[PDB]
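This report refers to the structure that appears directly beneath it.
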Amino acid sequence: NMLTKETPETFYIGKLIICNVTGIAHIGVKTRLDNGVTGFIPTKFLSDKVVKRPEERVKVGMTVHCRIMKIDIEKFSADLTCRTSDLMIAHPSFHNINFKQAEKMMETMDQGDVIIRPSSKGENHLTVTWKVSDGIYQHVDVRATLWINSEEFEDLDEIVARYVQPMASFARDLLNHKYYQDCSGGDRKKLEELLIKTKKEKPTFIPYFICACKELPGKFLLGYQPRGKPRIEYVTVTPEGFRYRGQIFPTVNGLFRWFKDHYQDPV
Amino acid sequence: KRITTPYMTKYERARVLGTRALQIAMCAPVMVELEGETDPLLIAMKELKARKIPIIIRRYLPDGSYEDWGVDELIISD
Amino acid sequence: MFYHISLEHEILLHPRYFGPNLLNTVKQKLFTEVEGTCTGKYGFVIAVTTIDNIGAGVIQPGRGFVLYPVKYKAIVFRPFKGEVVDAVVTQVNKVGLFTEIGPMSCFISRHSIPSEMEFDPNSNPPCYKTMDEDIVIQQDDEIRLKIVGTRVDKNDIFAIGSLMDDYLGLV
Amino acid sequence: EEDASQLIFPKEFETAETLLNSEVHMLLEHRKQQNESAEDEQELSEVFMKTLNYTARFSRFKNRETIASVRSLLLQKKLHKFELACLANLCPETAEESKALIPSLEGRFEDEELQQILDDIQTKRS
Amino acid sequence: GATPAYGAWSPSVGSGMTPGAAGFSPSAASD
C-alpha cells in the first residue's frame, strides 16, 4: 500500500485505460500502464497469435487507449480491450463537402429538393444549393448575399422554407411553360439563332420563349423580336417573387400579364 | 460641397496602392476576382481599376478643414 | 455607487477582420475589452450597456491596423468616502467583520465596533450579540455601513466600513 | 478630499447620472436577457455573474413605474443629485434616521417635508 | 472561392429604338 502506485479499486471495468504494451512475451503485448500496473495484453486486447503483433498497435511495438476490462495491477495483467467498440417532394439533405464532388451527388435528386452543405470561402458560412433545371443550381452563399441573423443557425428548417421553397415553387412554373427550352444550358449563341429561324415561318405572329443561364444561375432570358434584330431581357427570381424592371410581382401570373401589355413600346 | 480636385493624385495613388497592398498581404478580404495571381501590389492594382479599394482619402485643407473622398468617387489617373 | 456615464475607447483592428462583418467585429472587440474592469479615474465599470457611434477608422501608416474611436455607454461603480450603503455580512471574525458591496468588499474591525457587539466564537456560527442576546448580528445579514476610506489596488477597489454611526444594523 | 457627506464630487463625476439600486437591477438583468437569449454565445464574466445578486437583495421594488416615481417625487424638490440614490435605496423610515445617516439633510429641509418624501418612498416599497 | 456572388449582380437593361406600329397580341386575365 503506497508502494505499488495503483490498486485494482481505482481502475474499473468500462472506463478506457490507456495501455503501454511495448513488448510481447512468447502473441499479445505485455507492457506497463500509466500507474505502473504491468499491463499484460489478453486475447481481448493484445490479440497476437504468435504469427503477428496486435495489428491495431504500432509498427515497432504495441500500445493505446482501450476499454478497461480487468483490474490486475497487482497481478501483472491488464485487460485492455484492443477494439474501439469495447471502450464505448422537396427533401432536405445534410453534408460537409467540397464543390466538385458535391456536383456528382446533386444530379440524381428531383426538382425541389434542397441540399445543405458548408461553404468554401469563408468562416462560419453555409451555402444553400437548390435545384433549378437540368444542370442549373444556385449556390446561395449567405453572409447571392442573403444577410441573416445569428439566432437562426441552430434550426436549419426555416431558412429553406422561407427563402428557397417559395423560390423553387416560382422557378418550377417557368419550367412547365408552354414555350420552354434549354439550348444546351442557355447558351447565348444558340438563342439568337433560334428567334431568326422562327420568325420566317410566321412573319405576322411573333413568338416568345423563356430560358435560364447555366453560368449565371437564377437569371432568366426573355427574348423577343419586335423587328429584324434580336433582343434579350433578363429577369431575376426572388424568394418573394420576380425582379423584372425593378417591379416585384407577388404571384407568377402577374408577370406574364404585365409583359403582354408592355412589349409593344418602341423603346 | 467638396471643392477639391475630382482626380486621384499620383501621391494618393502611390500610398493607396501601398496601403491596400499591405492589407492584402495581411490576409484581408479581396473586393475583386483574382484571375490567379499572388502579388499584393498586382492585386491592389486590379482593385484600383475596379474602383473597389475599401479606402477613403481624408484630404486636409490649409485652414484646418478636411474632405473625405472615397476611392470610387474620384477619377483615377493612370 | 452605480452611475451611468458616456465613455470612449479607441480599438485596433487587424485586416483579417475587414469585409461584411467589420463593424459587428468592432462591437465584439469593445464588449470583451472594457467590461468588469476598474480605473483610478472612473473606477469599477460593471458593463458597457450600448455603443454610441464608431468614429471613422484611421488606417495606421506603415502597419495594416486601423484604429476605431468608439464612444459607448457604461454603468460604472465608483464608491466615495462618506457614503452610507447597504451590504451583506460575509464573515464574522475576532479580527474583523467582512462584508461585500457588489463587486467590492469591505472589512470592519472591532475597533470600529463599539463594545456592545461582543464576539461569539463558542457558538458554531460566529455572530456579534450583545449582553442580553436581543440584537443578533451574524453572517448573511443586510447590514448597513458607511464608507470611511477608499483604496484602489491595481484595478481593484477595496474600501473600509465602520459601525460608529447609529442606526447601522438591521432595518 | 473626496467626501460625499459634504457633497464634493469630481468634474468627471458631477455631470454623472445617478442610479438606484432597484433601477440598475433592470439594466443588468436585461443585459443578461439580451446575451442569454443569443445562441452561439460565450459565457459572461465572473464580474457580471457576482454582481446581479447584489441589487437583488435590495430590490425595494422591481416595477418599471416605481423606478420613475421615487425619482419624480424627489426631483420636484431642491435636492442634490447625490441625495437621489442614498435616500431612495435605504428608504430611511423617518427623516430623523435619514438626517442621522445623511449629514447633508440636517438643516437642509423641514423634518416633516423630508419625512413626507420618505413616506412617499415607503409607500412605494414592495 | 470558386463560386462567387451570383444574385448580387446588376441586370443591365438594353436600350433600343424601334418605331413600330400597333399590330401585336392582346393581354389575358390573371385568375
Nearest 10, in degrees from 0 to 90: the angle of helix C:22-31 to the longest Cα principal axis of chain C is 20 degrees
Relative to chain D, whose Cα atoms define the longest principal axis, helix D:64-75 and its Cα axis are tilted in degrees, nearest 10, by 30 degrees
Calculated from DSSP helices alone, with each H run of at least 4 adding -39500 (n - 2.57) and the total divided by the residues of chain D, [θ]222 nm to the nearest 500 comes to -15500 deg cm²/dmol
Relative to chain D, whose Cα atoms define the longest principal axis, helix D:21-36 and its Cα axis are tilted in degrees, nearest 10, by 10 degrees
Checking D:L87, D:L20, D:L79 against a Gaussian network model of chain D (alpha-carbon springs below 10 Å), the top fluctuating residue turns out to be D:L79
For the pair A:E6 and E:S27, the simple spin-label estimate (label points 7 Å beyond Cα toward Cβ) gives in nm 8.5 nm
One finds the C-alpha centres of the range D:39-70 and the range A:1-56 to be spaced, in Å, by 56 Å
Quick calc, D:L44 & A:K229: beta-carbon distance into FRET formula, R0 51 Å, rounding 0.05, result 0.15
Contact order relative to length for chain C, counting C-alpha pairs under 8 Å separated by 6 or more residues, stands in percent at 21 percent
Taking a ≥ b ≥ c as the square roots of the Cα gyration tensor eigenvalues, with a/c under 1.5 meaning rounded and otherwise prolate when a/b beats b/c or oblate if not, the protein assembly as shown comes out oblate
The simple spin-label model distance between B:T38 and B:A14, using points 7 Å out along Cα→Cβ, in nm, is 2.9 nm
In deg cm²/dmol, rounded to the nearest 500, the helical mean residue ellipticity at 222 nm of chain C, built from -39500 (n - 2.57) for every DSSP H run of length 4 or more, is -1500 deg cm²/dmol
With -39,500 (n - 2.57) per DSSP H segment of 4 or more residues and division by the full residue count of chain A, the 222 nm estimate, nearest 500 deg cm²/dmol, is -3500 deg cm²/dmol
With label points set 7 Å from each Cα along the Cα-to-Cβ direction at A:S169 and A:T236, the distance between them in nm comes to 2.2 nm
GNM on chain D, Cα springs under 10 Å; top mean-square fluctuation among D:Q76, D:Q42, D:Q33 goes to D:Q42
Taking a straight Cα-to-Cα line shorter than 20 Å from B:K49, and setting aside same-chain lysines fewer than 8 residues away, one finds B:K10
For the protein assembly as shown, percent of DSSP beta bridges that are antiparallel (nearest 5) comes out at 95 percent
Going through A:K214/B:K46; A:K104/A:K189; D:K32/D:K77; C:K71/D:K124; B:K52/C:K73 one by one, the pairs whose alpha carbons sit over 29 Å apart turn out to be D:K32/D:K77; C:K71/D:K124; B:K52/C:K73
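Neighbour counts run over all protein chains shown; Cβ positions are idealised from the backbone, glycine included. Taken together, the values in this text are just the output of simple stated rules run on the coordinates, not laboratory data.
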